[PDB]
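Asks: what would the 3D arrangement of this be:
(9 chains)
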Amino acid sequence: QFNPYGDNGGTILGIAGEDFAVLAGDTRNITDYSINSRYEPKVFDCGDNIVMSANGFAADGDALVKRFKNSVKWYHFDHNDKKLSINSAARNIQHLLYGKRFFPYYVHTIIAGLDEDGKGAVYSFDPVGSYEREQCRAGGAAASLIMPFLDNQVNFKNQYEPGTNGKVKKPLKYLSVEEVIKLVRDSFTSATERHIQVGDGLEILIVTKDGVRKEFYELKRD
Amino acid sequence: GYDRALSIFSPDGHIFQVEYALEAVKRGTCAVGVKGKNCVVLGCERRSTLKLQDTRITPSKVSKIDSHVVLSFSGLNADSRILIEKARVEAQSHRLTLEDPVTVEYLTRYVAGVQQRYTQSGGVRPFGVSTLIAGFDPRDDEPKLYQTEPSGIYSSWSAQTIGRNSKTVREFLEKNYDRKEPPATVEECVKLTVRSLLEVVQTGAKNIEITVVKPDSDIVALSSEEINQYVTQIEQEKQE
Amino acid sequence: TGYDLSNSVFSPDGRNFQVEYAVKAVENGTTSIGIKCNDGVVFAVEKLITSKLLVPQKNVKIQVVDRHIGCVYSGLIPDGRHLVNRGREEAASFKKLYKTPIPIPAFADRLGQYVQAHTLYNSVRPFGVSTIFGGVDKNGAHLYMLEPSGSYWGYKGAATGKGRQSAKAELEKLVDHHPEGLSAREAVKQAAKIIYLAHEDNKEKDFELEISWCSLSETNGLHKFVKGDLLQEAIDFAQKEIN
Amino acid sequence: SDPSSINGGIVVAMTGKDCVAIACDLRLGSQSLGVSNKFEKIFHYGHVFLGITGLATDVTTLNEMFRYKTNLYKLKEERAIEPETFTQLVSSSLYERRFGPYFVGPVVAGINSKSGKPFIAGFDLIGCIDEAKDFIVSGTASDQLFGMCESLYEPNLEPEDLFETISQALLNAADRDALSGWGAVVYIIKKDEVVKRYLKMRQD
Amino acid sequence: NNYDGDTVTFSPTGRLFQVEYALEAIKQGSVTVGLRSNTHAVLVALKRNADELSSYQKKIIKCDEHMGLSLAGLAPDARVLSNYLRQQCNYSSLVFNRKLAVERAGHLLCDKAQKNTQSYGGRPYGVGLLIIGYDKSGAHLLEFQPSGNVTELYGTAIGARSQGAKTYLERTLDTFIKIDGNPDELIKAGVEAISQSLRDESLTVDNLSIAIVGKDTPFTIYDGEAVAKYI
Amino acid sequence: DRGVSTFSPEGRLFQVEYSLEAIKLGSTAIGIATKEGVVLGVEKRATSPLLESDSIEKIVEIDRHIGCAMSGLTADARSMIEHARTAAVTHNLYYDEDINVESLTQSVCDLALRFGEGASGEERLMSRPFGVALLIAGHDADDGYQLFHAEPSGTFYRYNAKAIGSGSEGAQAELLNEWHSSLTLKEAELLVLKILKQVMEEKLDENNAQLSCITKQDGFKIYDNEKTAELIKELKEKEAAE
Amino acid sequence: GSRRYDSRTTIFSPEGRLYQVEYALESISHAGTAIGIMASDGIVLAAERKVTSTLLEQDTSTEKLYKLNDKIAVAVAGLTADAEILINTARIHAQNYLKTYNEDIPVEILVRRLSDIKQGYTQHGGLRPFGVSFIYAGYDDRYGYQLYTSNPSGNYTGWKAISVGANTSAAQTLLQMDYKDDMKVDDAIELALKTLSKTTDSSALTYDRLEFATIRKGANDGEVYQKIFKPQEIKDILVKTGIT
Amino acid sequence: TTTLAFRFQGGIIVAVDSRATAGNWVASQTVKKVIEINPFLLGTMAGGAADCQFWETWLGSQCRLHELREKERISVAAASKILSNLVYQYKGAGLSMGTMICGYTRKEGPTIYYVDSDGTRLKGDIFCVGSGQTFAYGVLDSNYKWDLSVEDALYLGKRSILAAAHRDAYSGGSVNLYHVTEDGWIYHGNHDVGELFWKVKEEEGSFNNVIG
Amino acid sequence: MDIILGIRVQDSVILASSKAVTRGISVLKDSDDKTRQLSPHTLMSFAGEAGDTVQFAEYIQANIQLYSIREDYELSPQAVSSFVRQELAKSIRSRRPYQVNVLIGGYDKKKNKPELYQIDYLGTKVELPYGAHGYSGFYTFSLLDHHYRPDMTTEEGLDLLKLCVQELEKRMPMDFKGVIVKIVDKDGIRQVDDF
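Replies: Numbering: from 1, shown residues only, chains lettered A, B, ... in the order given. Here you go:
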C-alpha cells in the first residue's frame, strides 16, 4: 500500500533574539537504520532575509519549497519588485498548505527573519498547517531534547535569581551573537549522541540587518 | 451569426438595445408612486377596456417580494415572469444566509444586476421592463423608494412617473407634491396618486390599482368604493 | 455576391476562390525545391536575407521529425511553424502506441487531417503554406509535397514558390542525367545550381544557401544539415557553372 | 440488515373465473416498533392494482414514479394501461439504477379490459418476469402461503368463494408472523366492480 | 473589399490586411531601440504619457531574472502575452530545471497568436515585442511581430521613424559586435541611435528607460539618476 | 460598426476607439492627489428635485485606505467595483497587507481589456469592454498617496490632478497651473470645488455634489452634506476677497 | 456596418417590439378560431379545424383539443411544431408537481413555467420563440375555474371569454352583450356556436370539421369531468340549436 | 484546551488558555488561539488547528465584503450563519472543527454563538468548549450574576481557567482575558498560570492540597 | 434523545419539542427551539443527527414560503408532508444519507379540521392522532391509546402531557429540562410557557 507520508528524520531549530533571528538544521539524511546522505543541505534562502526550512517528508517539503519560490517570484511580478515581509509570507503558506489538506503532507516549517520593528521573528508551521508566532521553537523527533533546555538559558524558566528565595525568578536578559551560537552548537552536539538522526555536520544561517551569513559546524558522524 | 459579428456599440455611446427597450415602457402602461412619511403609495395602470377580463384570476402587476418590500413595474408582462421570480428567490436567500430581513438597497442591486449581467453577456438581451422597488428599513419605520431602469442602473426617487406620458405627470409632482413637507397622513399621499392617474386613466373601477404599504408588515389594496372618494374631492376643486 | 464573400463554399467554376488565393500566398516568398534520389532525399530552399542584422544558423526554417523525416515549407511563416508543431505531436502518437517510426506514405495523412479539415470548416482558416517533407524508412525513400488545398502527391522532384516555374523545368533535366537518380553529394551540387538560377527575381536582396538531405550513405538513415567542407564545395562548384 | 425485512408486509394475489383477488396487510412498523395500523400497500390506478412491500418510504416513491409514467400513457393512447404492459414498466423502472437497488416486493394483479383475461405477476428487488396462473405471493410471511394457497386452489372459483379462500390463508399467516398483523383488506374484482372488505382478525 | 473585416477569408493580395492595420499600432506607439552582443543585451525604450502631470508607465516587463522584453503596440495584446511567457519560464525552470530557450519561446507565441487570428473571431495580437535573454548560448534578441514571424537579430528599432535608427545600426553593426563585456559602450550606443528616430522630443531621464542583462550583470531597470551618467 | 478582429487604420481597435468618446458624455469627476491626502469630488447630476441625493453616490469604497470614483453609466462600473472588492479581500487574506493601488488597477484592466462576440475557445463574459471609466485612489506604504485612472481604452496612468466627464476639456487646463507640491489638505478641497463651479453652470451646493478624501489616519471617510456646505461657504469667502 | 439582427433575436426592433413576434401573430390568424368561455359551472371550448373535404378522418384525430389532466385543458391554435414541444413539457411539469406535492397543479403556476420557455428563446440564444397560442382551461380548489391566454410574447392574462384567429375584436363584442353571471352550461353552448358562425367565413361548420368540448360541474359529487364530444354528438348539437 | 465565554449587562469576558499539546508533549506554551475577525468580534480555536485558522479568516474577508456593500457593522448572527453554511455543505467529506462566535455591538448587544462542523447553530449566553469545560460551569455559575462588574468578572475568570487547567493535563500555559468594549477589543495582557497560581493560593487560600 | 412529541386534540393540535440540547456528554444549553414555523397554520419540528436537521428544515421552509408567495396562497399541510418526503427520499439515495424526522401538523382552513402527520427518519408519511420520536415514544404509545379519545379537549391534553413527561423522566434517566408546547388552532400559533 502507498504510504501517504514518510519520515526521513532531521531536526531544525529556529531562534529569535532581541535583534537578529537565526535558523539551523543538520545535514544527516537517513532511512530506517541506514544513512542516506552524509551532507544534504535542507536549508535555503527564499529572499528578503527570509530563510525557510521544512522538517518532515522530503518530496512534500521539496514541493513546498519549489512552489513557495514561484509564489514569491510571482509576488514581485504583480507588485513591481516590492519587498515581502516575513509576516506577509507566513499567511500565504497556509493557503498553499490547506489546498492540499485532502492529501495531507507532513512537514514542519520554521522561517526566520525580521519584522517591521527590526526584532527577530520566527513563525513555525505545524503539520496540520496552522502556525503561531513563536520566540523559539524546534522541530522533529529531537525537538523534545532541545525545547526544554533553551527555555532554561533564554526565558530563564524555573530558575530563581540568587538572593531571592520563593519570591521572583531571574529576569529576561539578552544574549549576543556568540552566546546564541553556543546555544546552537551545544544543542546538536548533545543530541548527536542521544539521537540517531542528529550528527554529521551543522549549517547555521545567521540573518541580521546587514545580510545573511552561513556558518558550518561539525558534529559527530555517529 | 454565420460570418456576422454580434458586438454593437454605435457612435452615440448608446446601444440600440437600450434605445428601443425604453420605448416599450413608454408605449406600455404608465406607473407612478409617491413615498410618504409613514407609508409608500404605488399606483399602477391597467387596461380594462378589453371585453370580459377577470381581475381576481389575473396576476396583479404589483408583486410582493417581502412583507415590508414590494415591487411594481411598467412594461410588458412577459419579461416580468422572470425578473420578479429572481428577486423572490434572493429574498428568501437573504433571510437565510445572512439571517437578515431583506435589505431594500441590497435587493435593488440584485434586481438591477440581472439586467446589468445581460448587457455585458453576449447572445442575451436585458429585460426592457422598468421596475419600481419600494421597501422599508428592517427594524425601522423609515420608508424607502428606489427606481430600476432597463439600462442596469438604479437611482433613489421619492416620487417618480414612468411609462406613457411620464414627463406630463412629473409636472404635477413638482407642484402639488413637496419633498420638504411630504404628506403625513395616508389619504393625502393617495390623493396625489389619484390626481396623477386620472390624466392617463380617467377613473374606472378596474383601471386603477393602488397598493398602500404600511409598516409592521401591513399591506392593503385600495377598495373600489374608495377610488371615487378621492375623485369626488378633486371635482370639488374644479368648481371653484 | 455570396460567392466570394464567405470561404469554404463551392464555386460555379469547380475551384474554390480560396484555393487560387492560397497559391498566390505560396508563390510570394522564397523558392523551395526538393530532389528524391535512390539512396535518399535532398531538400533545397532559399533563405531571404533582409539586412546584415540577421544572425546565420538561427532563422533556418527546416525542422526534422525524429531523425528520419525532414520538413520545409514555403508560405506564411506562422502557418508553417504551426503545421510542423502539430506533426510533431502527431508523429509522437504513433511511436507511443505502436513503438515504431511512422511510415512516410502514411505520414502525409497525419498532416492532412489538419489541412483538409480546415478547408471544410469555416471557423478555421486553411493553411496557406506548401510543405515538402521526406526521408527514408523501412519501405524506402519517399518525398511528398502538400498543397494548401489539402491535396498532396509524391514527387521525384518538386518546386514551389515564385521560381517554381523555372525550377520545375530544371528538375526534369536531372532525370535525363541519370535514370536511377543522382548520388547524395552529386544532387547537392546540382540542387544549389538550381537555387542560384532562381535568384533572378530575388536578386533585389541578399540570400543564403540552405540545404538539408537525408540518405542511407553517410548518415545511414539520418537527416542532417550540410556543414563543414560539404557546404563550400557546392558553392564553388555551382558558382563556376553559372559563369 | 435488509431494509425490506424491517417494515415487513406481504401481498398475496389469486386467480379465478373472470375474477382476480389481491390482498395485503395493514401493518406498518420499524423492527419491533410499530408505526401505522391503517397503512395501505395497494394503490389503485385504472383496473391495474399493484401492492408493494419493503421500505415504506420507497413504496410511495415508486408509486409516485409509477403514476408519473402511467399518466403519460393515458394522455397519449387515451386508454388505461394493461397489466401485461404495466409489468414491463415496473421491471424497467427497477432496472434503471442497478447500483443501490430498491427493496420492493411488488405484485400486480387485474383483469384485462380488452381481451378479458386475468393476469397476475410479481417482481424481486431489481424486478423480474414472473407469471403463474395459480397465485403470486411476496414478503416475509410469503413462505407460509406457498403450500396453503396451492392446496386451496381450484380452477374456476367464484368471486365470493375466492374471497373466503384467500382470507382463510391470510388470517392464519398474520398470527404466525411478528411482522404481519393489524388487520388486512381484500379486493374482490368481478368485472367493473371492486369489493373492498376489511378483514376482522384478532389484533394484539 | 470585405476581406478587411473577415480574418478567415484569403485576400486577393494573398495575406490579410488586418495585420497591416495592426502594424500601424507599432509605429504610432512607443519608439524603442535595442542591441546585444555575445555577453550582454541592451534595450532602450521611450515612455510616454497623456498629460504633463501623468507619470510615464514602464514599457519594459520583467518575466525572468535573466530574460526581459519591451512592448510597443496595443496595451491588451502585450501583457496577456507576458503572462504566457511568465508561465513558460516557470514551467521550464521547474519541470526541466533549465531556463527557457529563446527559440522555443518564439514558437509558443506564434502558435498562440495564430490560433486567435486563424480561428473565427478571437483576439488578434497586434503588438510587437523585442525579447532579450541569456542562456548557455549567450545573449539573444528575437523580434516578435504580429504577422507571426520571429527573427533573431543583433539589434533593431521599431516605432515612428524607425528608419533613422535602423540605418545607424547597419553601418555600426560591425563595431557593436566586436565590443563586449563593457556595459558603458553598449548602453551609450543605444542612446545615439534613438536620438535620430526621436523628432521634436527632448531626451530626459524620465522619458527614456534603459535595461541591461547578461552573464556578469543581471537584469536591472535604470530609472532616474541611473541613466544620467549614460545620457 | 466594424468587427472585433478588425483593426483601425491607426492601429487601435474600433470598439476601443469608439468607447473612449462615451466617457465625455457622463458626469464630471475631479480629483487631486497631494502629499497630505487624495481629495476627490463628483457631480451626481440631479436633473429633478425629486431625486434623493443621500442614497445615491458616485463615490464607492474599494478598501479602507483605497477609494474610488465613477463617471458616466453606473451599470458597467458596479460590475468593476465588485471585481475590485473581490481582489481587495483576496490579497488582504493571503499576504495580510494593504492593497497595492498600481497592482489593483492592473488586475482590473486585465478583465477590462477582454471582449468579443463569443466563441467556443473560452468563456465570454464581455459583450463590450467597459465603456465606463473609473478613478482609483488609494494610499501606499512605499510610494505614499497614489491616484490612478482606470482606462479601458489602454494602459492606466497616474495623474496628480485628474478631471473626466463632460467638463474634462475645461477642467484639465486649470489643473496644470493650479497644482504644486506645497498644496495642503484644505487647499486641495477648495480647489476642486472652485474648478467644478467654473466649468459647470449649475449652482454648487451640498445636494447636487458630493465630496470624499483619502487620509492614512482616518482611512476612507465620506464628507456629509454639513461639512460639504461649510467648505462651499468658506470658498465663497475667498472668492469675494480676491 | 450593419451585420446585425439577421441571426439573434435578442436585438430589439426599431419599434421596440420584435418583428418576429408580429409575424407570429399573422400565423395565428391563419389558423382556426377557438373561443373559450369561463363560467361557474364549467368552461366551454370550441374551434373550427383547418383540414377539409371528405378525405381526412376528423372523428379520431383532434389537434386543437389536448388533455393535460382531468381538470386543466388546453386549446391549440397556431403552429403545430412549436406547440408539440410544450404539450409533453406541460405534462412533465404537471406530473412532477403531482409527484412531489401530490396535488393538482394550479394554472397560474403551470402557465408561468410554460411562459418562461417562450421568453427564454427571446432571452438567451437565437432560438425561435413559440408563436402558437394556448387557451388554458382548468379548475382549482381556491380560485375555482381559471381561464388564461398564452400570447407569443410570453405573457398571460385572465379572461372570462377569449377568442383567437380572425375577427378577434368582433368575437369579444358579441360575447360581451350575451355575457351572464347566471349562465349555465347549455346557455354557453348556443351563444358560443352562434358567435363562431358570424366571426368565420364558413357558416356551415359541420360536425366533423368543428371540435366541441365542455367541462361540466354537474357530474357525480360535483367533481370535474372532461367529456370529449365526438363529431357524432356534435351533429346533435346543430339539431338542438336549429342551425343545421 | 479550555475555552469559555459568557455575557452580562456590561459585556462579554473571554477566557482561554495558551496551551497546545501534540501527543503527550506540549508543543508550545505561547500559542494564542484567539482569532480576530473584526475589531468587535473575537473567535476561538478548537478541534482542527488549521481549520479554525483558515476558515475564520476567510469569514473575515467575507464580512468585509458586506461592510463595503450594506455599509453596516457585521452582526454576530450574520457571521455565525455564514460559517454554519460552509461547514454543512462540506459535511461527510471530513474537515471537522469547532469554535465559539463572540462579539459585542450596540445593535445586537453582547451575543455568543457556538458553531459545529456538522452545522449545529445555537443561541444563548454561557458557553464553554474544551476537555476542562466541566470546571467552567462549576466555578462560573457560583458567582455568576447579571449585575457582576467587569473587574470582578476578570478575577473570576482567572480562577476559572486555573481550576480548569489544574486537573486537566491538556489545559495550561498563560491565561488570556480579553474583553470587547463599545469602541472595540482591548487586550488585558497574558497572565501565566505559574505566576497566577501563587497569588491565588496565598490570598484566596484555595487549593488546600498544594502546599502554600 | 431530543424528544419531540405531539398529539391532535379535537379543536387543535398540541405539539411539544425538547428544550435542552446535549452535545456529547455535557449539556451545552438547557433552552432551545427545536421546531420551525412554516406558515401560521402549520408547525413542524426536527430531530436527528446534530446539524443535519437544523439545516434541513430551513431551505424546506424557504421553498414553501417561496411557492406560497407565487400563488398568493398558503400551502396546505397535507401537501407539506409530500414535499418533505420527496427530499428525504433523495437524501437516502444520495452519497450522503440524511436521517431526519418531522411532525407536520396544523389546522386546514379548507376542511376546517386539524391534521397531524408523523414522519420518522426514513421519511415515511404517516397520519396519527399522536406521535413521538427517539426512545421516549416507546412509553407513550401504549399510554395514549388507552386514555386519549377523539372527544378530548385541549385543556385535558395539557394535563395528560404532564403525566407522560413525568413518567418519561422518572423511568428514563435522561432529562430534557421540560418541553416547549405550541397550540396550533384556527387562531394560529399559540405558545405555552407554563411548561
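
Asks: quick one: the strands in the chain, in order.
Replies: Here I'm looking at chain A. In chain A, the segments counted as strands under DSSP state E are A:12-16, A:21-26, A:29-31, A:34-37, A:43-45, A:51-56, A:107-114, A:120-125, A:131-134, A:136-138, A:201-207, A:212-218.

Asks: oops, I was thinking of chain F
Replies: F:29-33, F:38-43, F:61-63, F:66-71, F:133-139, F:145-149, F:157-158, F:161-164, F:209-215, F:219-222.

Asks: redo these as a markdown table? Include mean neighbour count.
Replies: Just so you know, the C-beta spots here come from the backbone N, C-alpha and C atoms, and that holds for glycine as well. Shown next, in a markdown table, are those (neighbours: other CB atoms under 10 Å in any protein chain shown):
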| stretch | mean neighbour count |
| --- | --- |
| strand F:29-33 | 28 |
| strand F:38-43 | 26 |
| strand F:61-63 | 24 |
| strand F:66-71 | 26 |
| strand F:133-139 | 27 |
| strand F:145-149 | 23 |
| strand F:157-158 | 21 |
| strand F:161-164 | 26 |
| strand F:209-215 | 23 |
| strand F:219-222 | 17 |
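
Asks: and the ones you listed: which comes nearest residue A:119?
Replies: Nearest to residue A:119, of all those, is strand F:133-139, at 25.9 Å by CB to CB.

Asks: and that closest one with strand F:29-33, angle?
Replies: Here strand F:133-139 points in a direction 30 degrees away from that of strand F:29-33 (axes from the mean of the first three to the mean of the last three CA atoms, to 10 degrees).

Asks: of the strands of chain F, which is nearest chain D?
Replies: Judged by CB to the nearest CB, the one of these that comes nearest to chain D is strand F:61-63, at 50.5 Å.

Asks: other residues contacting the closest one?
Replies: Identification of contacts with strand F:61-63 by CB atoms under 8 Å, 6 or more residues apart in numbering or on different chains yields F:67-68, F:81, F:84-85, F:88, F:92, F:98-99, F:104, F:136, F:138, F:220, H:68.

Asks: mind listing what residue E:94 touches?
Replies: A:66, A:70.

Asks: then the one 4 residues further on?
Replies: Applying CB under 8 Å, 6+ apart, we find residue E:98 in contact with residue E:92.

Asks: for chain B, just list every one of the helices.
Replies: Using DSSP state H, the helices of chain B run over B:16-27, B:80-97, B:104-120, B:166-173, B:186-197, B:227-238.

Asks: Serialize these to JSON lines and add fields for mean neighbour count and distance to residue B:48.
Replies: Formatted as JSON lines, these follow (neighbours: other CB atoms under 10 Å in any protein chain shown; distance: least, CB to CB, whole Å):
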{"stretch": "helix B:16-27", "mean neighbour count": "19", "distance to residue B:48": "18"}
{"stretch": "helix B:80-97", "mean neighbour count": "18", "distance to residue B:48": "19"}
{"stretch": "helix B:104-120", "mean neighbour count": "20", "distance to residue B:48": "28"}
{"stretch": "helix B:166-173", "mean neighbour count": "16", "distance to residue B:48": "20"}
{"stretch": "helix B:186-197", "mean neighbour count": "21", "distance to residue B:48": "13"}
{"stretch": "helix B:227-238", "mean neighbour count": "12", "distance to residue B:48": "13"}
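
Asks: one step back: closest to residue G:216 out of the contacts of strand F:61-63?
Replies: Nearest to residue G:216 among these: residue F:81, at 61.2 Å, using CB to CB.

Asks: and the helix or strand harbouring residue I:157, what's buried?
Replies: Assigned by DSSP states H and E, residue I:157 belongs to helix I:154-171. By 16 or more other CB atoms under 10 Å in any protein chain shown, the buried positions in helix I:154-171 come out as I:157-158, I:160-161, I:164-165, I:168-169.

Asks: tell me the helices and strands packed up against it.
Replies: If contacts are counted by 3 or more CB pairs under 8 Å, 6 or more residues apart in numbering or on different chains; DSSP states H and E, helix I:154-171 sits against strand I:4-8, strand I:13-18, helix I:137-147, strand I:179-185.
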